[PDB]
Amino acid sequence: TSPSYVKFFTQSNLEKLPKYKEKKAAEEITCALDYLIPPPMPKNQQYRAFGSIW
Amino acid sequence: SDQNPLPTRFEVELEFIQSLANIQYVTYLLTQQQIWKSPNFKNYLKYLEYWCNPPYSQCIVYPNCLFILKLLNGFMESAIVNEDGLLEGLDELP
């Protein structure tokens, strides 16, 4: 199956997103709209790819 | 023994976007009935294009997934959805 987060991706939340993004400019999840915003990059660069697999 | 904590959202989305690198799996998805009723899944896959850019893209080990993701997305816009969930343009295939 797909990640649980899909459930938040409704056209309603999508519409409210632009405004939410501004207010915020004024793990840390506090509401559903936070899931429509990509997670932050970890500090450990072990998350950087060692190579490519085709 | 082998055990570690459950994954993060970052960790989960990275694991997920990358499995789209395998065509059999991507196929299993487009031939789901439920996921195409609601724009949820379609909207989610467009959100995931955040990996297509740095610093995210530097984390991808399976590069085919980013191309397939982009195609899959463009397909969706023009894609005509049946009334059940069946994606119209694919009904014919095996």
# chains A, B, ... in the order shown; residues from 1 in each chain; ligands from 1
$ closest_atom_pairs --of "chain A" --to "chain B" --cutoff "7 Å" --atoms "only C-alpha atoms" --output "JSON lines"
{"residue": "A:6", "atom": "CA", "partner": "B:44", "partner_atom": "CA", "distance": 6.0}
{"residue": "A:7", "atom": "CA", "partner": "B:40", "partner_atom": "CA", "distance": 6.5}
{"residue": "A:9", "atom": "CA", "partner": "B:40", "partner_atom": "CA", "distance": 4.8}
{"residue": "A:10", "atom": "CA", "partner": "B:40", "partner_atom": "CA", "distance": 5.5}
{"residue": "A:38", "atom": "CA", "partner": "B:50", "partner_atom": "CA", "distance": 6.9}
{"residue": "A:39", "atom": "CA", "partner": "B:10", "partner_atom": "CA", "distance": 5.4}
{"residue": "A:47", "atom": "CA", "partner": "B:59", "partner_atom": "CA", "distance": 5.8}
{"residue": "A:48", "atom": "CA", "partner": "B:59", "partner_atom": "CA", "distance": 4.5}
{"residue": "A:49", "atom": "CA", "partner": "B:59", "partner_atom": "CA", "distance": 4.9}
{"residue": "A:51", "atom": "CA", "partner": "B:61", "partner_atom": "CA", "distance": 5.9}
{"residue": "A:52", "atom": "CA", "partner": "B:61", "partner_atom": "CA", "distance": 4.9}
{"residue": "A:53", "atom": "CA", "partner": "B:62", "partner_atom": "CA", "distance": 5.1}
{"residue": "A:54", "atom": "CA", "partner": "B:62", "partner_atom": "CA", "distance": 6.3}
$ residues_around --residues "residue 20 of chain B" --least-positions-apart "4" --cutoff "7 Å" --atoms "only C-alpha atoms" --output "VMD selection string"
chain B and resid 25 to 26 65 68
$ select_by_dssp --residues "chain A" --states "helix (DSSP H, G or I)" --output "ChimeraX atom specification"
/A:4-8,11-24,32-36,45-47
$ closest_residue --among "A:17, A:27, A:1, A:22" --to "residue 41 of chain A" --atoms "only C-alpha atoms"
A:27
$ atom_distance --atom1 "atom CA of residue 52 of chain B" --atom2 "atom CA of residue 46 of chain A"
19.0 Å
